[PDB]
Protein chains: 2
Amino acid sequence: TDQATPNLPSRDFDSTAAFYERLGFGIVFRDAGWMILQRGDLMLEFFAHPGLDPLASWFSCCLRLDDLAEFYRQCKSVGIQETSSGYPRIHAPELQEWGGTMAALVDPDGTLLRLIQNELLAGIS
Amino acid sequence: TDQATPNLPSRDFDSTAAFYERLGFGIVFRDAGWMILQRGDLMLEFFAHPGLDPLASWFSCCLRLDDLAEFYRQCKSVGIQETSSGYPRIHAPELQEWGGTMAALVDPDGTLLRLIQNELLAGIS
């Protein structure tokens with residue numbers, strides 16, 4: 001497929017891998033500079049950034065899911081905390097200004113991963 | 001598909017759209033906050049960032065292409081300059097420390113879009 005995949009900053013490649021692995025993300029490439037973490041085609045292609053702050057972080061990607069609630073079942077079973085302040089954290093499957101619904105993962109590097117539901121009434125029927 | 005797509009910063013949504021449009025990127029969503037530019041599944045989902053510098057820019061995504069040289073045919077015909085210093089610019093289909101070959105687009109917002117060739121000897125055969 002002509003497919004756009006996100007290339008995000010990570011300080012340690014063992015610490016950021018052990019965050020996403022338990023959610024079903026397979027480690028398909030790793031050197032010292034590049035690290036590909038993949039749940040099907042959830043392809044997070046991390047670059048080695050040692051001087052990054054989590055608090056001043058604009059960095060983000062939309063994980064577009066075929067069930068949005070299955071990723072939220074998996075996060076509360078494997079260990080990611082449901083909280084207003086702090087990092088790492090999860091916010092809930094909420095109703096949005098576009099069409100349907102979106103949850104929000106914030107990782108150890110501050111990274112706002114927007115969990116979108118895909119539109120099965122238009123995209124299948 | 002379980003598919004990871006990049007969410008990048010843009011200052012004007014007419015100026016950054018008229019950059020990618022001529023390379024085959026269809027404008028499928030635009031409000032004031034979000035802008036989706038898409039060549040097949042090259043889904044660049046831009047957020048409105050007015051205080052961004054192009055020179056201090058870590059922001060980046062891998063465009064994984066089925067011909068890498070077809071995107072480089074299209075850039076030199078429609079108008080993107082081949083140069084060492086400056087922005088916007090293109091660098092060439094060069095040999096890399098991972099497997100095959102990668103070119104590099106740098107846009108008006110400093111954004112390092114890494115143009116990867118997909119691996120048809122392993123992924124088809």
# chains A, B, ... in the order shown; residues from 1 in each chain; ligands from 1

call {"tool": "interface_residues", "arguments": {"of": "chain B", "to": "chain A", "cutoff": "9 Å", "atoms": "only C-alpha atoms", "output": "list in words"}}
result
residues 1, 2, 3, 4, 5, 6, 7, 8, 9, 38, 39, 40, 41, 42, 43, 44, 45, 58, 59, 60, 61, 62, 63, 64, 65, 66 and 98 of chain B

call {"tool": "write_last_selection", "arguments": {"atoms": "N, CA and C atoms", "output": "PDB file, in the first residue's frame"}}
result
ATOM      1  N   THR B   1      -6.844  -1.663   7.831  1.00  0.00           N
ATOM      2  CA  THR B   1      -5.550  -2.135   8.371  1.00  0.00           C
ATOM      3  C   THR B   1      -5.291  -1.437   9.737  1.00  0.00           C
ATOM      4  N   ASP B   2      -4.750  -2.157  10.741  1.00  0.00           N
ATOM      5  CA  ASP B   2      -4.048  -1.522  11.897  1.00  0.00           C
ATOM      6  C   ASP B   2      -2.810  -0.697  11.380  1.00  0.00           C
ATOM      7  N   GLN B   3      -3.007   0.606  11.115  1.00  0.00           N
ATOM      8  CA  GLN B   3      -2.061   1.438  10.317  1.00  0.00           C
ATOM      9  C   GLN B   3      -1.627   2.716  11.105  1.00  0.00           C
ATOM     10  N   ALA B   4      -0.321   2.897  11.352  1.00  0.00           N
ATOM     11  CA  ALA B   4       0.201   4.125  12.005  1.00  0.00           C
ATOM     12  C   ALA B   4       0.467   5.265  10.975  1.00  0.00           C
ATOM     13  N   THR B   5      -0.239   6.397  11.103  1.00  0.00           N
ATOM     14  CA  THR B   5      -0.119   7.553  10.156  1.00  0.00           C
ATOM     15  C   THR B   5       0.470   8.833  10.871  1.00  0.00           C
ATOM     16  N   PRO B   6       1.421   9.620  10.279  1.00  0.00           N
ATOM     17  CA  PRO B   6       2.087  10.755  10.982  1.00  0.00           C
ATOM     18  C   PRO B   6       1.234  12.051  11.123  1.00  0.00           C
ATOM     19  N   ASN B   7       1.303  12.687  12.300  1.00  0.00           N
ATOM     20  CA  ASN B   7       0.547  13.938  12.577  1.00  0.00           C
ATOM     21  C   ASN B   7       1.557  15.108  12.789  1.00  0.00           C
ATOM     22  N   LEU B   8       1.783  15.892  11.730  1.00  0.00           N
ATOM     23  CA  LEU B   8       2.932  16.839  11.642  1.00  0.00           C
ATOM     24  C   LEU B   8       2.516  18.349  11.838  1.00  0.00           C
ATOM     25  N   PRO B   9       3.406  19.312  12.214  1.00  0.00           N
ATOM     26  CA  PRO B   9       3.020  20.746  12.349  1.00  0.00           C
ATOM     27  C   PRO B   9       3.029  21.556  11.003  1.00  0.00           C
ATOM     28  N   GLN B  38      -3.302  13.096   1.148  1.00  0.00           N
ATOM     29  CA  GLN B  38      -3.173  11.611   0.960  1.00  0.00           C
ATOM     30  C   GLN B  38      -2.865  11.156  -0.516  1.00  0.00           C
ATOM     31  N   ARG B  39      -1.670  10.583  -0.778  1.00  0.00           N
ATOM     32  CA  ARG B  39      -1.344   9.894  -2.075  1.00  0.00           C
ATOM     33  C   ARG B  39      -1.522   8.343  -1.920  1.00  0.00           C
ATOM     34  N   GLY B  40      -2.738   7.815  -2.154  1.00  0.00           N
ATOM     35  CA  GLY B  40      -3.059   6.391  -1.823  1.00  0.00           C
ATOM     36  C   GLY B  40      -3.314   6.150  -0.320  1.00  0.00           C
ATOM     37  N   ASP B  41      -2.299   5.644   0.392  1.00  0.00           N
ATOM     38  CA  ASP B  41      -2.212   5.779   1.881  1.00  0.00           C
ATOM     39  C   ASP B  41      -0.932   6.589   2.359  1.00  0.00           C
ATOM     40  N   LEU B  42      -0.386   7.579   1.593  1.00  0.00           N
ATOM     41  CA  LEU B  42       0.584   8.579   2.152  1.00  0.00           C
ATOM     42  C   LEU B  42      -0.148   9.681   3.001  1.00  0.00           C
ATOM     43  N   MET B  43      -0.735   9.281   4.136  1.00  0.00           N
ATOM     44  CA  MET B  43      -1.709  10.108   4.888  1.00  0.00           C
ATOM     45  C   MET B  43      -0.984  11.081   5.876  1.00  0.00           C
ATOM     46  N   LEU B  44      -0.725  12.315   5.421  1.00  0.00           N
ATOM     47  CA  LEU B  44      -0.056  13.358   6.240  1.00  0.00           C
ATOM     48  C   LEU B  44      -1.132  14.226   6.962  1.00  0.00           C
ATOM     49  N   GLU B  45      -1.353  13.966   8.258  1.00  0.00           N
ATOM     50  CA  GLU B  45      -2.507  14.538   9.003  1.00  0.00           C
ATOM     51  C   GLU B  45      -2.068  15.787   9.834  1.00  0.00           C
ATOM     52  N   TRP B  58      13.175  18.936  14.488  1.00  0.00           N
ATOM     53  CA  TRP B  58      13.236  17.435  14.563  1.00  0.00           C
ATOM     54  C   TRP B  58      12.066  16.628  13.864  1.00  0.00           C
ATOM     55  N   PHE B  59      10.995  17.293  13.396  1.00  0.00           N
ATOM     56  CA  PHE B  59       9.737  16.645  12.931  1.00  0.00           C
ATOM     57  C   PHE B  59       9.903  15.908  11.568  1.00  0.00           C
ATOM     58  N   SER B  60       9.392  14.670  11.482  1.00  0.00           N
ATOM     59  CA  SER B  60       9.766  13.727  10.392  1.00  0.00           C
ATOM     60  C   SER B  60       8.778  12.525  10.254  1.00  0.00           C
ATOM     61  N   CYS B  61       8.642  11.992   9.028  1.00  0.00           N
ATOM     62  CA  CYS B  61       7.949  10.699   8.776  1.00  0.00           C
ATOM     63  C   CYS B  61       8.550   9.934   7.558  1.00  0.00           C
ATOM     64  N   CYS B  62       8.564   8.596   7.602  1.00  0.00           N
ATOM     65  CA  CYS B  62       8.976   7.766   6.448  1.00  0.00           C
ATOM     66  C   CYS B  62       7.819   7.529   5.426  1.00  0.00           C
ATOM     67  N   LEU B  63       7.916   8.164   4.246  1.00  0.00           N
ATOM     68  CA  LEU B  63       7.060   7.821   3.078  1.00  0.00           C
ATOM     69  C   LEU B  63       7.612   6.515   2.412  1.00  0.00           C
ATOM     70  N   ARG B  64       6.986   5.366   2.704  1.00  0.00           N
ATOM     71  CA  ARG B  64       7.426   4.044   2.185  1.00  0.00           C
ATOM     72  C   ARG B  64       6.753   3.742   0.813  1.00  0.00           C
ATOM     73  N   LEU B  65       7.532   3.863  -0.264  1.00  0.00           N
ATOM     74  CA  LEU B  65       7.012   3.952  -1.656  1.00  0.00           C
ATOM     75  C   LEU B  65       7.174   2.594  -2.416  1.00  0.00           C
ATOM     76  N   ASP B  66       6.191   2.217  -3.257  1.00  0.00           N
ATOM     77  CA  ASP B  66       6.313   0.996  -4.114  1.00  0.00           C
ATOM     78  C   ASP B  66       7.288   1.208  -5.396  1.00  0.00           C
ATOM     79  N   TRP B  98      20.842  -0.094   6.651  1.00  0.00           N
ATOM     80  CA  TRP B  98      19.692  -0.940   7.104  1.00  0.00           C
ATOM     81  C   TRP B  98      19.396  -2.153   6.151  1.00  0.00           C
TER      82      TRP B  98
END

call {"tool": "calpha_fit_and_write", "arguments": {"fixed": "chain A", "moving": "chain B", "output": "PDB file with C-alpha atoms, in the first residue's frame"}}
result
ATOM      1  CA  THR B   1       0.000   0.000   0.000  1.00  0.00           C
ATOM      2  CA  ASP B   2       1.044   3.705  -0.495  1.00  0.00           C
ATOM      3  CA  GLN B   3       1.085   4.004   3.392  1.00  0.00           C
ATOM      4  CA  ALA B   4       2.221   6.955   5.670  1.00  0.00           C
ATOM      5  CA  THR B   5       3.858   5.610   8.954  1.00  0.00           C
ATOM      6  CA  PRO B   6       4.986   7.907  11.995  1.00  0.00           C
ATOM      7  CA  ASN B   7       8.725   8.395  12.906  1.00  0.00           C
ATOM      8  CA  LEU B   8       8.770   9.437  16.633  1.00  0.00           C
ATOM      9  CA  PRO B   9      11.601  10.345  19.265  1.00  0.00           C
ATOM     10  CA  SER B  10      12.754   7.735  21.932  1.00  0.00           C
ATOM     11  CA  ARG B  11      15.611   8.192  24.551  1.00  0.00           C
ATOM     12  CA  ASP B  12      16.168   4.433  25.491  1.00  0.00           C
ATOM     13  CA  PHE B  13      15.225   1.678  22.936  1.00  0.00           C
ATOM     14  CA  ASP B  14      14.743  -1.021  25.740  1.00  0.00           C
ATOM     15  CA  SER B  15      12.406   1.282  27.941  1.00  0.00           C
ATOM     16  CA  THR B  16      10.111   2.556  25.002  1.00  0.00           C
ATOM     17  CA  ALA B  17       9.999  -1.076  23.496  1.00  0.00           C
ATOM     18  CA  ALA B  18       8.875  -2.637  26.924  1.00  0.00           C
ATOM     19  CA  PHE B  19       6.069   0.084  27.015  1.00  0.00           C
ATOM     20  CA  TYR B  20       4.450  -0.866  23.558  1.00  0.00           C
ATOM     21  CA  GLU B  21       5.389  -4.717  23.356  1.00  0.00           C
ATOM     22  CA  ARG B  22       2.661  -5.810  25.949  1.00  0.00           C
ATOM     23  CA  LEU B  23      -0.066  -4.043  23.760  1.00  0.00           C
ATOM     24  CA  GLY B  24       0.797  -6.557  20.838  1.00  0.00           C
ATOM     25  CA  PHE B  25       3.633  -4.507  19.091  1.00  0.00           C
ATOM     26  CA  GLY B  26       6.311  -6.861  17.532  1.00  0.00           C
ATOM     27  CA  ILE B  27       9.997  -5.631  17.463  1.00  0.00           C
ATOM     28  CA  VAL B  28      10.692  -6.217  13.647  1.00  0.00           C
ATOM     29  CA  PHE B  29      13.854  -3.922  13.263  1.00  0.00           C
ATOM     30  CA  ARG B  30      16.336  -2.531  15.916  1.00  0.00           C
ATOM     31  CA  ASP B  31      19.935  -1.123  15.627  1.00  0.00           C
ATOM     32  CA  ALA B  32      21.282   1.882  17.708  1.00  0.00           C
ATOM     33  CA  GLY B  33      19.550   4.602  15.437  1.00  0.00           C
ATOM     34  CA  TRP B  34      16.151   3.035  14.276  1.00  0.00           C
ATOM     35  CA  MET B  35      13.445   0.845  16.108  1.00  0.00           C
ATOM     36  CA  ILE B  36      10.202  -0.481  14.343  1.00  0.00           C
ATOM     37  CA  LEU B  37       7.376  -1.522  16.840  1.00  0.00           C
ATOM     38  CA  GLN B  38       4.334  -3.052  14.879  1.00  0.00           C
ATOM     39  CA  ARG B  39       0.749  -4.339  15.877  1.00  0.00           C
ATOM     40  CA  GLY B  40      -0.402  -5.522  12.334  1.00  0.00           C
ATOM     41  CA  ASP B  41       0.313  -2.197  10.533  1.00  0.00           C
ATOM     42  CA  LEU B  42       0.573   0.022  13.810  1.00  0.00           C
ATOM     43  CA  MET B  43       4.185   0.769  12.595  1.00  0.00           C
ATOM     44  CA  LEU B  44       5.915   3.119  15.167  1.00  0.00           C
ATOM     45  CA  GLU B  45       9.405   3.757  13.603  1.00  0.00           C
ATOM     46  CA  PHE B  46      11.341   5.357  16.546  1.00  0.00           C
ATOM     47  CA  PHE B  47      14.566   7.485  16.093  1.00  0.00           C
ATOM     48  CA  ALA B  48      17.232   7.759  18.921  1.00  0.00           C
ATOM     49  CA  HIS B  49      16.706  11.234  20.625  1.00  0.00           C
ATOM     50  CA  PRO B  50      18.608  11.373  24.114  1.00  0.00           C
ATOM     51  CA  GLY B  51      17.872  15.156  24.850  1.00  0.00           C
ATOM     52  CA  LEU B  52      13.990  15.049  24.842  1.00  0.00           C
ATOM     53  CA  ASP B  53      11.596  16.488  27.531  1.00  0.00           C
ATOM     54  CA  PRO B  54       8.124  14.668  28.050  1.00  0.00           C
ATOM     55  CA  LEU B  55       6.438  17.963  29.366  1.00  0.00           C
ATOM     56  CA  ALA B  56       7.186  20.281  26.282  1.00  0.00           C
ATOM     57  CA  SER B  57       6.225  17.451  23.732  1.00  0.00           C
ATOM     58  CA  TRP B  58       4.171  18.308  20.534  1.00  0.00           C
ATOM     59  CA  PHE B  59       5.063  14.759  19.070  1.00  0.00           C
ATOM     60  CA  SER B  60       2.003  12.604  18.092  1.00  0.00           C
ATOM     61  CA  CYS B  61       0.404   9.965  15.735  1.00  0.00           C
ATOM     62  CA  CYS B  62      -3.182   8.608  15.116  1.00  0.00           C
ATOM     63  CA  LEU B  63      -3.465   4.811  15.841  1.00  0.00           C
ATOM     64  CA  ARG B  64      -6.570   4.062  13.606  1.00  0.00           C
ATOM     65  CA  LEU B  65      -8.072   0.853  15.149  1.00  0.00           C
ATOM     66  CA  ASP B  66     -10.678  -1.709  13.763  1.00  0.00           C
ATOM     67  CA  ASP B  67     -12.069  -2.083  17.515  1.00  0.00           C
ATOM     68  CA  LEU B  68     -11.084   1.081  19.597  1.00  0.00           C
ATOM     69  CA  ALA B  69     -12.268  -0.623  22.897  1.00  0.00           C
ATOM     70  CA  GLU B  70      -9.916  -3.757  22.330  1.00  0.00           C
ATOM     71  CA  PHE B  71      -6.756  -1.507  22.636  1.00  0.00           C
ATOM     72  CA  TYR B  72      -8.427   0.021  25.860  1.00  0.00           C
ATOM     73  CA  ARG B  73      -9.191  -3.574  27.275  1.00  0.00           C
ATOM     74  CA  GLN B  74      -5.427  -4.408  26.634  1.00  0.00           C
ATOM     75  CA  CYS B  75      -3.969  -1.119  28.257  1.00  0.00           C
ATOM     76  CA  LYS B  76      -5.925  -1.556  31.638  1.00  0.00           C
ATOM     77  CA  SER B  77      -4.994  -5.365  31.848  1.00  0.00           C
ATOM     78  CA  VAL B  78      -1.142  -5.042  31.048  1.00  0.00           C
ATOM     79  CA  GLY B  79      -0.397  -1.809  33.161  1.00  0.00           C
ATOM     80  CA  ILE B  80      -0.910   1.807  31.859  1.00  0.00           C
ATOM     81  CA  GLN B  81      -2.547   4.213  34.464  1.00  0.00           C
ATOM     82  CA  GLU B  82      -5.935   6.081  33.935  1.00  0.00           C
ATOM     83  CA  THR B  83      -5.126   9.669  35.248  1.00  0.00           C
ATOM     84  CA  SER B  84      -5.632  13.483  34.578  1.00  0.00           C
ATOM     85  CA  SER B  85      -1.994  14.649  35.409  1.00  0.00           C
ATOM     86  CA  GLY B  86       1.230  12.522  34.871  1.00  0.00           C
ATOM     87  CA  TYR B  87       3.057  10.292  32.298  1.00  0.00           C
ATOM     88  CA  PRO B  88       2.710   7.449  31.158  1.00  0.00           C
ATOM     89  CA  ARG B  89      -1.187   7.576  31.010  1.00  0.00           C
ATOM     90  CA  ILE B  90      -4.533   6.745  29.174  1.00  0.00           C
ATOM     91  CA  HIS B  91      -7.697   8.947  28.557  1.00  0.00           C
ATOM     92  CA  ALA B  92     -11.057   7.285  27.595  1.00  0.00           C
ATOM     93  CA  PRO B  93     -13.114   6.474  24.271  1.00  0.00           C
ATOM     94  CA  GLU B  94     -14.804   9.969  24.091  1.00  0.00           C
ATOM     95  CA  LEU B  95     -17.126  11.748  21.480  1.00  0.00           C
ATOM     96  CA  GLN B  96     -15.367  14.238  19.075  1.00  0.00           C
ATOM     97  CA  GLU B  97     -15.687  17.251  16.613  1.00  0.00           C
ATOM     98  CA  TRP B  98     -15.158  15.271  13.312  1.00  0.00           C
ATOM     99  CA  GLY B  99     -17.485  12.142  12.999  1.00  0.00           C
ATOM    100  CA  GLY B 100     -17.168   9.385  15.717  1.00  0.00           C
ATOM    101  CA  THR B 101     -14.898   8.758  18.787  1.00  0.00           C
ATOM    102  CA  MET B 102     -11.181   8.990  19.950  1.00  0.00           C
ATOM    103  CA  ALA B 103      -9.193   7.885  23.093  1.00  0.00           C
ATOM    104  CA  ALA B 104      -5.649   9.282  24.008  1.00  0.00           C
ATOM    105  CA  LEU B 105      -2.407   7.423  25.031  1.00  0.00           C
ATOM    106  CA  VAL B 106       0.464   9.653  26.463  1.00  0.00           C
ATOM    107  CA  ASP B 107       3.734   7.533  26.669  1.00  0.00           C
ATOM    108  CA  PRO B 108       7.044   7.975  28.854  1.00  0.00           C
ATOM    109  CA  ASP B 109       8.412  10.509  26.180  1.00  0.00           C
ATOM    110  CA  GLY B 110       5.151  12.718  26.366  1.00  0.00           C
ATOM    111  CA  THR B 111       3.861  11.376  22.995  1.00  0.00           C
ATOM    112  CA  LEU B 112       0.098  12.091  22.288  1.00  0.00           C
ATOM    113  CA  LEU B 113      -1.016   8.896  20.373  1.00  0.00           C
ATOM    114  CA  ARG B 114      -4.673   9.610  19.309  1.00  0.00           C
ATOM    115  CA  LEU B 115      -6.610   6.249  19.297  1.00  0.00           C
ATOM    116  CA  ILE B 116      -9.308   6.737  16.485  1.00  0.00           C
ATOM    117  CA  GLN B 117     -12.233   4.288  15.761  1.00  0.00           C
ATOM    118  CA  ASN B 118     -12.386   3.391  11.966  1.00  0.00           C
ATOM    119  CA  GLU B 119     -15.783   4.102  10.265  1.00  0.00           C
ATOM    120  CA  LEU B 120     -17.369   0.600   9.466  1.00  0.00           C
ATOM    121  CA  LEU B 121     -20.846   2.052   8.354  1.00  0.00           C
ATOM    122  CA  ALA B 122     -19.025   4.026   5.488  1.00  0.00           C
ATOM    123  CA  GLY B 123     -15.747   1.906   4.966  1.00  0.00           C
ATOM    124  CA  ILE B 124     -17.451  -1.605   4.809  1.00  0.00           C
ATOM    125  CA  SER B 125     -21.174  -0.671   3.945  1.00  0.00           C
TER     126      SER B 125
END

call {"tool": "select_by_dssp", "arguments": {"residues": "chain B", "states": "strand (DSSP E)", "output": "ChimeraX atom specification"}}
result
/B:3-6,9-10,26-30,34-38,44-48,60-65,89-95,101-106,112-117

call {"tool": "select_by_dssp", "arguments": {"residues": "chain B", "states": "alpha helix (DSSP H)", "output": "MDAnalysis selection string"}}
result
chainID B and resid 15:20 68:78 120:123

call {"tool": "write_last_selection", "arguments": {"atoms": "N, CA, C and O atoms", "output": "compact mmCIF listing (two decimals), in the first residue's frame"}}
result
# COMPACT_ATOMS: atom_id res chain seq x y z
N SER B 15 -0.64 27.22 2.08
CA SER B 15 0.80 27.05 1.70
C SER B 15 1.38 25.59 1.78
O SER B 15 1.97 25.11 0.80
N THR B 16 1.24 24.88 2.92
CA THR B 16 1.63 23.44 3.04
C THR B 16 0.80 22.45 2.13
O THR B 16 1.38 21.53 1.54
N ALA B 17 -0.53 22.65 1.96
CA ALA B 17 -1.33 21.95 0.92
C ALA B 17 -0.83 22.13 -0.55
O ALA B 17 -0.47 21.13 -1.17
N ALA B 18 -0.71 23.37 -1.07
CA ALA B 18 -0.03 23.65 -2.38
C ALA B 18 1.45 23.14 -2.58
O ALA B 18 1.89 22.93 -3.72
N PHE B 19 2.22 22.91 -1.51
CA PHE B 19 3.46 22.08 -1.58
C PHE B 19 3.23 20.57 -1.95
O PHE B 19 3.79 20.12 -2.96
N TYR B 20 2.44 19.82 -1.17
CA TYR B 20 2.22 18.36 -1.39
C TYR B 20 1.18 17.96 -2.51
O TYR B 20 1.42 16.96 -3.19
N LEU B 68 10.34 4.10 -5.39
CA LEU B 68 11.08 5.32 -4.90
C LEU B 68 11.46 6.38 -5.99
O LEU B 68 11.32 7.59 -5.75
N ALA B 69 11.98 5.95 -7.15
CA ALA B 69 12.26 6.87 -8.28
C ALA B 69 11.01 7.57 -8.93
O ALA B 69 11.20 8.68 -9.41
N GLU B 70 9.78 7.01 -8.92
CA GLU B 70 8.55 7.74 -9.37
C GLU B 70 8.18 9.04 -8.57
O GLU B 70 7.96 10.10 -9.17
N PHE B 71 8.19 9.00 -7.23
CA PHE B 71 8.21 10.23 -6.40
C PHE B 71 9.37 11.26 -6.70
O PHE B 71 9.12 12.47 -6.70
N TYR B 72 10.60 10.80 -7.00
CA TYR B 72 11.71 11.67 -7.48
C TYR B 72 11.62 12.20 -8.97
O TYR B 72 11.96 13.36 -9.21
N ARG B 73 11.14 11.41 -9.96
CA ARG B 73 10.54 11.94 -11.23
C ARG B 73 9.50 13.10 -11.04
O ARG B 73 9.65 14.18 -11.61
N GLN B 74 8.47 12.87 -10.21
CA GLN B 74 7.41 13.87 -9.91
C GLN B 74 7.91 15.18 -9.20
O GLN B 74 7.61 16.26 -9.71
N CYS B 75 8.73 15.11 -8.13
CA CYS B 75 9.39 16.31 -7.51
C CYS B 75 10.23 17.25 -8.45
O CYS B 75 10.03 18.47 -8.42
N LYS B 76 11.13 16.71 -9.28
CA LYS B 76 11.89 17.51 -10.30
C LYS B 76 11.07 18.05 -11.52
O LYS B 76 11.44 19.09 -12.07
N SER B 77 9.97 17.39 -11.94
CA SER B 77 8.98 17.98 -12.90
C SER B 77 8.05 19.11 -12.33
O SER B 77 7.91 20.16 -12.96
N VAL B 78 7.42 18.93 -11.15
CA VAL B 78 6.47 19.94 -10.57
C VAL B 78 7.09 21.19 -9.84
O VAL B 78 6.39 22.19 -9.65
N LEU B 120 10.63 -5.47 -2.44
CA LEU B 120 9.86 -6.44 -3.28
C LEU B 120 10.43 -7.91 -3.44
O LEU B 120 9.65 -8.86 -3.57
N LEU B 121 11.76 -8.10 -3.37
CA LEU B 121 12.38 -9.45 -3.18
C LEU B 121 11.95 -10.26 -1.90
O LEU B 121 11.75 -11.48 -2.00
N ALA B 122 11.80 -9.62 -0.73
CA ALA B 122 11.19 -10.24 0.48
C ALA B 122 9.63 -10.09 0.59
O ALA B 122 8.95 -11.10 0.81
N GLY B 123 9.06 -8.88 0.44
CA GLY B 123 7.59 -8.64 0.55
C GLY B 123 6.63 -9.19 -0.53
O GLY B 123 5.46 -9.42 -0.22
